[PDB]
Every structure is written in structure tokens, then in C-alpha cells.
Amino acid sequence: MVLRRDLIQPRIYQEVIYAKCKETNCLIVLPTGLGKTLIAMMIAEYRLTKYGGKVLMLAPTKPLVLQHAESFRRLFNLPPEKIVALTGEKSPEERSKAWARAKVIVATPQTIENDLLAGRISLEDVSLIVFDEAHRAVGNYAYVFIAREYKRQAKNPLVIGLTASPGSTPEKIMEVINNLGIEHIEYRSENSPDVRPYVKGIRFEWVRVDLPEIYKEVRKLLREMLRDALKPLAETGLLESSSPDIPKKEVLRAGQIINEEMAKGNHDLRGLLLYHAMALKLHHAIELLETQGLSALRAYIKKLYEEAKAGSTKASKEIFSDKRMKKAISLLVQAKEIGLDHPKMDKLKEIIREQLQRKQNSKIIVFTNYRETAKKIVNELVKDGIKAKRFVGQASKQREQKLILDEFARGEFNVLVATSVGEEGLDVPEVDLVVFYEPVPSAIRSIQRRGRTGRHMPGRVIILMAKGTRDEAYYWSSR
């Protein structure tokens, strides 16, 4: 038994596909998590036992090359030194030395191209090439060249391209199909009768948090001011509408547009630069209010008040002379008076409470897009009677990661609060529940994918949303 099929329990669709693409240049299109690489290895085994003795898998990044290389070593019953990884960091000689004895080789297209031109290696004995992320086999990419070489100098050629999508454009698809000499495409959806039996229902529980009067009001005032700040920009045509709902990106555009016009020698739309600055500030204020809460807003309004007194920023001045900003500032104090910072925190505490109550042994993960929010959540939870610990990915304020993660696993603390980077915590056994402070794309994606594999999955997951705020829109927008 060359491939340890006994350890991977190939599924029906995996089997079927392997059988068809076994002797035809194919494109295997499956949503991530369904085993494309595994199917590849199944095919790789068929080639190594019937034809020559060289299988080559290419991958975009180096971490991907290493990863695949390891999986092959784990599932293949072949001498460990015959499974080589060419990241292109070895001595130009060793690479040729490795390629020499290798029976399976995983490398980046970059390096394989070089040594291919230089004449150090020849893909004539390669009974199979697998292009991971084959869709990037367009234009200039090293894939296209390698594909061409292989196509002409290979004894028994077989091209297998793996991808979650070959392209979005007919032209784009045609380019890769032709570049890789694709004779056939095997597609599958999470719903193919072929795959369904292997896909887990997820059930994300979307819970809508209502907004307390003060929060609601402060927000309305801030929005209304933003509207007025945008009206003039819109009436000029610098943006589609003066709606406080427009994307931040659209207002930044309105700004640089005015700049590129002064660089040309216009200077008419000069006065509008004032409103653009107020917009940016008001927009940021709303952003803090929604993303973090009243306290973050208060802090910013203050730091913004120093800019007004310093007499430097005309924008900051104008914003304070507005009766609305005034009433906002009064409510903002009225808030601290009752300890109101953000509705989600209250709801978060509540659900985490009832969870630890039904099982104080609970292991729960809280996700958030922002580090600041993560920090405020940890404190607010430890401030209550809860054992919470922050989990972020070293960039500003490494290995402790593994340490803390192990603690989470053993039962040290009950709550792991992390940003996108902490999605590896989902690989910890028996994690009872994860709750998204806001929807966090990468993590929601991770969970979605795990449902396709048999990897650890949370017992239940809750997504929180602020009634009538971007949160809601994102729920819908997502169909």
C-alpha cells in the first residue's frame, strides 16, 4: 500500500473524481475543505505505481509548499528523504541533488522555473504535475511557463490543477484552460448529492442587540452632523450621496479627488476640503462609537477638543460650535454616570454567564475584528467574575501563543478573546461555544470550512448585531 488510504478514509466523491482525472488533464474545482490535495495524492499514487517515478506539486507560497510536503510525508509510505520540498533556499546543487533522488517533490513555481531554465532539472520523468491554486496560471505567472515546458518534454504527461474557482471571466477561464492544456473539468458543490453526506450543518445563531436610548441618540446626532458635512461634497459630485451610510473608502476618494485637482491647478474645490476633514472626523467618531463604545468616543471627542483649543484644526472648531455635538457631549457624560459603554458587552456578559452556569467547565471563544475591542472585552470580563484571557497575533504589542492556547485547552481560563489571528483556537478540543462580537469574515469562513472537514467544530456559535447598524446590513448582504 503506497498511499495510506486507510488513514484518510477517502470519501465517495474523492474516489469518483480520482478515477476520472486519473488519465486526463483536469481541473478539479471544489470548495476549500473537501480534500483537493487528498484527491491529488490519490492520483499521485496511481501515477507512481503505473508509470515513471516523479510527482511534482507546485504551490504559490512557501508555507504552503512546506505544509503540503509534510502531508505527503505523513500519508505516503515512501522513504522520508524521497519526499522533497524545494522552497529555493537550498544550495543550487542540493536542489538538483534532492530533485535527483526525490520520488515526490513539492515546490514553489518560482524556483522550479529558474532551475528549469538553467537546465539543472528536467521534468521528463514527471508522471504528474499538480498546480495548487491553478487559477493563478494566467498571464505572466511561472505556472504558465512550467506548464509549457512539461507539455513538450514529458514522457507520460498528466496535468491536474486544483482550485476553488478557475476564474470569473470566460476569457480568464479560457486562458488557464489553454495554458494548462485542460481537457476536462470536474466540479462539485457543497450540495452535490455526491458531497452532501460529508457536509455538517453549522447553524450560526444571529442575535440582535437593541440600542439603549443614550447610545441611540448620541449616534443619531453624530450621523446627522456627518450628513451635513457630506452634503456639500455630494452637491459637487465628489460622491454619490450625503448618506452617513456611505463607505469610508468613498469619502477618502472625495478627498484625494480635491487634492489631485489642486495639483492640476484648480483650487475651486478648495473650500470643500474643510467639510471633507469634518466628515473624516465625524465618520471616525461614529466608527469608535459602534466598534468600541461611548468611552472610546468620549476619549476621541476630548482629544478632538484639544485640537480645537490649540486653534490649529478649523474642522475641530466647527464641530464643537454645533449644538448637536454639544447635546452629544452632555449625553456622553450622562452615560458615564450610569456606566453605559456598549450594548453588546452587556449581552456578551449575559450569554457567557448563562453558559458558565450550565457548565462552569465551559471553553468559549469570543471573536472580534479589532484589537482594541478585544482588549476592552478581556478587561470587562475579568472585571466581572470571569476568567478571560486575550489572544492576539504579535505585530505591535509569537510562542507564548502556543503557551496560552495550551492553557485554554487544559482548563486554565474559560474565555479566549481573540482577533482574526486567533482562529487556531478552533482546533482546541471540546470548545463549547464561540461568540462573534461582530461578524469576523476570516473566522466565520474558518468555521464554514471545518464543516467540510472533520476538524474540531464549536458546540454552538452566536453572532452579535446592533439593531439597525452595519451589523444587520452585513447579515443580509450575506446571501
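When you see a residue number, it is the position in the sequence shown, counting from 1.
Asks: Counting only residues from the deposited sequence, how many are left out of the model between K397 and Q398 (none, 1 to 3, 4 to 9, 10 or more)?
Replies: Missing in between: 4 to 9 residues.
Asks: Tell me which stretch, 50-58 or 425-433, has the higher mean Cα B-factor listed in the entry.
Replies: According to the entry, 50-58 carries the higher average C-alpha B-factor.
Asks: Comparing 234-242 with 81-89, where is the mean C-alpha B-factor higher?
Replies: Mean CA B-factor is higher for 81-89.
Asks: Reading the B-factor column of the entry, which of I352, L158, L403, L75 has the highest value at its C-alpha atom?
Replies: Of the candidates given, the C-alpha B-factor peaks at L403.
Asks: Just to confirm, going by the entry's C-alpha B-factors, which of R196, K172, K302, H283 comes out highest?
Replies: Comparing C-alpha B-factors across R196, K172, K302, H283, the maximum falls on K302.
Asks: Among all modelled residues of this chain, ranked by Cα B factor, put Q292 in the bottom, middle or top third, i.e. lowest, middle or highest.
Replies: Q292: CA B-factor falls in the middle third of its chain.
Asks: Would you check the entry's CA temperature factor for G271 and let me know if it's in the chain's lowest, middle or highest third?
Replies: Highest third - that is where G271 ends up once the chain's C-alpha B-factors are sorted.
Asks: Should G181 be placed in the lowest, middle or highest third of its chain by the C-alpha B factor in the entry?
Replies: Lowest third, going by the recorded CA B-factors of the chain.
Asks: Looking at the temperature factor on the CA atom of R445, which third of the chain's modelled residues does it land in?
Replies: Lowest third.
Asks: Using only modelled residues of the chain, where does the Cα B factor of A142 rank: lowest third, middle third or highest third?
Replies: Middle third - that is where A142 ends up once the chain's C-alpha B-factors are sorted.
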